[PDB]
Number of protein chains: 2
Amino acid sequence: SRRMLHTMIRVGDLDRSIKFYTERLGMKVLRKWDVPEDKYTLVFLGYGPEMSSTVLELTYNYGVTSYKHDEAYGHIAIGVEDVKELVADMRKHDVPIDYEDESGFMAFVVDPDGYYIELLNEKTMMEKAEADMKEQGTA
Amino acid sequence: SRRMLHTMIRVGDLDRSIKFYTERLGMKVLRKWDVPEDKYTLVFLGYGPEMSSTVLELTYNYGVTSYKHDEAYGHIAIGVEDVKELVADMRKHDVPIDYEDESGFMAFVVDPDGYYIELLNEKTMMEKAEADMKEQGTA
Ligand code: NA
Ligand code: NI
Ligand code: NI
């Protein structure tokens with residue numbers, strides 16, 4: 001028995017990141033874990049607790065104010081009810097919008113540290129995913 | 001209602017990545033999405049279907065066989081029953097072991113493209129998460 005627990009990203013300004021993931025994406029702070037002896041702080045955020053959800057781990061390294069992104073790591077994707085409305089709320093709050101489709105299926109937005117977040121209409125994505133599994137013999 | 005759906009990483013060689021995540025980590029291939037005209041392939045893997053699980057998405061760009069890594073993106077963490085037993089099994093198959101504690105709580109291994117994976121004893125992790133949440137007043 002195995003489970004995906006979380007994805008970790010490093011952030012330059014911990015409070016700014018927390019504000020984005022909570023106020024703009026509707027996550028809740030689950031817990032924090034400061035390790036001053038090794039000069040870092042962890043915070044876990046998600047839509048439910050780690051015991052029943054896969055969550056986001058932020059790492060702040062003392063004195064490291066910003067990060068450069070490679071061409072390797074992609075993104076996290078979040079399933080939502082209304083992509084158009086959520087994107088509208090992001091723009092209202094000056095979040096960069098990298099991509100927005102016409103139909104409201106998909107968008108990409110940029111977090112305060114420059115990471116990409118994919119927003120998906122959960123209902124449409126799941127219908128598609130199940131359909132493709134059934135076509136490919138995995139469901 | 002919102003949910004973390006997946007994390008995406010780009011990989012140099014689908015065959016070797018799929019071998020690692022299935023044979024070494026116990027995930028299953030859920031579905032593929034191949035777009036020859038746009039020169040890419042996506043593969044979704046996980047411990048359960050996208051409908052009930054947060055999964056891993058691999059993107060292969062045709063003819064791109066290596067990715068260099070930033071120190072921004074962290075890792076994905078996977079909860080297991082026996083870290084030591086796994087790490088052993090991994091070391092048998094020449095998987096790089098970056099870190100392994102004495103207690104059996106935590107280890108870090110490296111996937112074929114150089115991404116880090118955190119292996120955690122899930123029981124212990126969740127006990128700790130629960131106690132931290134209660135102490136911090138978020139539970
Ligand atoms: Na920055
Ligand atoms: Ni994606
Ligand atoms: Ni972690």
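Here, residue numbers run from 1 along each chain following its sequence as written; these need not agree with the numbering used in the entry, and residues that have no coordinates do not appear. All chains are assigned letters beginning with A, and all ligands numbers beginning with 1, in the order in which they are written. Side-chain measures here rest on the full set of heavy atoms in the structure, leaving out hydrogens and waters.

In the PDB archive, X-ray crystallography is given as the structure determination method for this entry, at a resolution of 2.00 Å.

Chain A carries the name TRYPANOTHIONE-DEPENDENT GLYOXALASE I in the PDB entry, which gives Leishmania major as its organism. The deposited PDB record carries the title "Specificity of the Trypanothione-dependednt Leishmania major Glyoxalase I: Structure and biochemical comparison with the human enzyme". UniProt positions are given in the numbering used here, feature names are shortened, and annotations may be inferred rather than shown by experiment. You can read under Pathway (unreviewed entry) in the UniProt record for chain A the words "Secondary metabolite metabolism; methylglyoxal degradation; (R)-lactate from methylglyoxal: step 1/2."

Draft legend 1. Spatial organisation of the pattern of salt bridges. Salt bridges are defined as contacts in which a side-chain nitrogen from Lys or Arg sits within 4 Å of a carboxyl oxygen from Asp or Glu. Per the stated rule, a full pass over the model turns up 19 salt bridges over all chains. The partner of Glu 100 of chain A in a salt bridge is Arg 91 of chain A, with the nearest N and O atoms 3.1 Å apart. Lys 128 of chain A is the salt-bridge partner of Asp 132 of chain A, the closest N and O atoms lying 2.6 Å from each other. In this pair, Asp 132 of chain A and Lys 128 of chain A are both assigned in helix α3 (residues 122-136), 4 residues apart and thus about one turn of the helix distant. Given a relative accessible area of 6%, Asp 132 of chain A falls into the buried group. If you follow the salt bridges from partner to partner, you end up with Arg 31 and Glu 50 of chain A together with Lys 128 and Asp 132 of chain B in one network. To qualify as a helix, a DSSP run of H or I must reach at least 4 residues; to qualify as a strand, a run of E must reach at least 2; elements of each kind are numbered from the N terminus. Buried residues are those whose accessible area, probed at 1.4 Å on protein chains only, stays under 20% of the maximum for their type, while exposed residues exceed 50% and partly exposed ones sit between those limits.

Draft legend 2. Structural view of the UniProt feature "active site" (unreviewed entry) in chain A. Feature annotation in UniProt assigns "active site" (unreviewed entry) to the following positions: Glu 118 of chain A. Structurally, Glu 118 of chain A can be placed in strand β8 (residues 116-121). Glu 118 of chain A has contacts with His 75, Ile 76, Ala 77, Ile 78, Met 106, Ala 107 and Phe 108 of chain A together with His 6 of chain B, leaving out every residue within four places of it along the chain. Here a residue-residue contact requires only that any non-hydrogen atoms of the pair lie within 4.5 Å.

Draft legend 3. Expanded view of the pairing of strand β2 (residues 28-35) of chain A. All names here are of chain A. Pairing of β2 with strand β3 (residues 40-46), which is carried by 7 bridges, proceeds in the antiparallel orientation. Bridging across to β3, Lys 28 finds its partner in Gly 46. Where β2 folds back onto β3 in an antiparallel hairpin, the turn is made up of 4 residues, including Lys 39, whose phi is positive at roughly 60 degrees. By definition, two strands form a pair when at least two bridges between them are found by DSSP.

Draft legend 4. Inspection of helix α1 (residues 14-24) of chain B at higher detail. Residues and elements named next belong to chain B. Among the residues making up α1, those that are buried are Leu 14, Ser 17, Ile 18, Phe 20, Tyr 21 and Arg 24. One side-chain oxygen of the residue at the start of α1 lies 3.1 Å from the amide nitrogen of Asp 15, identifying that residue as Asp 13. Remark: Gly 26 follows α1 within two positions and exhibits a positive phi of approximately 85 degrees. Definition of a polar contact: a pair of N or O atoms within 3.5 Å, with one able to donate and the other able to accept a hydrogen when the atoms are protein atoms, and with sequence-neighbouring residues admitted only if both atoms are side-chain atoms.

Draft legend 5. Region of interest: the relation of the copies chain B and chain A. Its rotation angle being 179 degrees, the transformation that places chain B on chain A also includes 0.1 Å of axial translation and leaves an RMSD of 0.3 Å. Read as a symmetry element, the transformation amounts to a two-fold axis. Within chain B, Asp 70 of chain B has its C-alpha nearest the rotation axis, a separation of 2.6 Å. The share of interface residues of chain B whose copies in chain A are also at the interface is 98%, consistent with both copies meeting through the same surface. Between copies, superposition is a least-squares fit restricted to the C-alpha atoms.

Draft legend 6. Looking closely at the sheet that holds β8 of chain A. Strand order in this open sheet of 8 strands is β6(A)-β7(A)-β8(A)-β5(A)-β1(B)-β4(B)-β3(B)-β2(B), and the pairing throughout is mixed. Only two strands of the sheet have a single partner each, and these edge strands are β6 (97-100) of chain A together with β2 (28-35) of chain B. Neighbour-to-neighbour, the strand axes of the sheet open up by a mean angle of 20 degrees, direction not taken into account. Taken together, the 5 bridges between strand β5 (residues 73-80) of chain A and β8 of chain A define a ladder with parallel strand orientation. By the bridge assignment, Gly 79 of chain A is partnered in β8 of chain A with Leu 120 of chain A. Lines fitted to C-alpha atoms define the axes, with helix axes restricted to the stretch in contact, and inter-axis angles between N-to-C directions lie between 0 and 180 degrees.

Draft legend 7. Up close: the sheet that holds strand β7 (residues 106-110) of chain B. One open sheet holds the 8 strands; their spatial order is β2(A)-β3(A)-β4(A)-β1(A)-β5(B)-β8(B)-β7(B)-β6(B), and the pairing between them is mixed. Either end of the sheet is taken by a strand with one partner, and the two such strands are β2 of chain A together with β6 (97-100) of chain B. Adjacent strand axes in the sheet meet at a mean angle of 20 degrees when their direction is disregarded.

Draft legend 8. Highlighting the nonpolar core. Counting residues in each nonpolar core, the largest one holds 60 residues, and the members touching the most others are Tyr 21 of chain A together with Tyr 21 and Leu 119 of chain B. Once you skip the residues sitting within four places of it in the chain, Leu 119 of chain B turns out to touch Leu 25, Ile 78, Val 83, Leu 86, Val 87, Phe 105, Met 106, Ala 107 and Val 109 of chain B. Only buried residues count toward a nonpolar core, which is a set of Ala, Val, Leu, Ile, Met, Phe, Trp, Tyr and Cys residues joined through side-chain atoms within 4.5 Å. Grouped together as the second largest cluster of nonpolar side chains are 10 residues, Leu 5 and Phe 44 of chain A together with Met 126 and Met 133 of chain B included.

Draft legend 9. Structural detail: empty space enclosed by the protein. Residues and elements named next belong to chain B. Throughout, the protein atoms alone are placed on a 1 Å grid, and a set of points is a cavity if a 1.4 Å probe fits but cannot get out or a pocket if it is open with protein on both sides within 12 Å along at least five of seven lines; lining residues have an atom within 4 Å of a point. Grid points are joined across faces, edges and corners, and a volume is the space filled by probe spheres set on the points. As enumerated under the stated definition, the model contains 1 cavity of 30 Å³ or more in all. Approximately 30 Å³ is the volume found for the largest cavity. Surrounding the largest cavity, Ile 9, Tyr 21, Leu 56, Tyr 73, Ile 76, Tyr 115, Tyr 116 and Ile 117 form its lining. Elements that contribute at least two residues to the lining of the largest cavity include exactly β5 (73-80) and β8 (116-121). Classes in brief: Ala, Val, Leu, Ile, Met, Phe, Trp, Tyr, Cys and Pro nonpolar; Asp, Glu, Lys and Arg charged; the others, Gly included, polar. The residue inventory of the lining of the largest cavity, partitioned by class, reads 8 nonpolar, no polar and no charged.

Draft legend 10. Structural detail: the UniProt feature "binding site: Zn(2+)" (unreviewed entry) in chain A. With numbering matched to this structure, UniProt assigns "binding site: Zn(2+)" (unreviewed entry) to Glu 57, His 75 and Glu 118 of chain A. For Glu 57 of chain A, the position within the fold is in strand β4 (residues 55-61). Apart from the residues within four sequence positions on either side, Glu 57 of chain A is in contact with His 6, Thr 7, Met 8, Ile 9, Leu 42, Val 43 and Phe 44 of chain A together with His 75 of chain B. Side chain to side chain, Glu 57 of chain A and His 6 of chain A meet in a polar contact 3.0 Å long. On the basis of relative accessibility, which here comes to 8%, the residue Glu 118 of chain A falls in the buried class.

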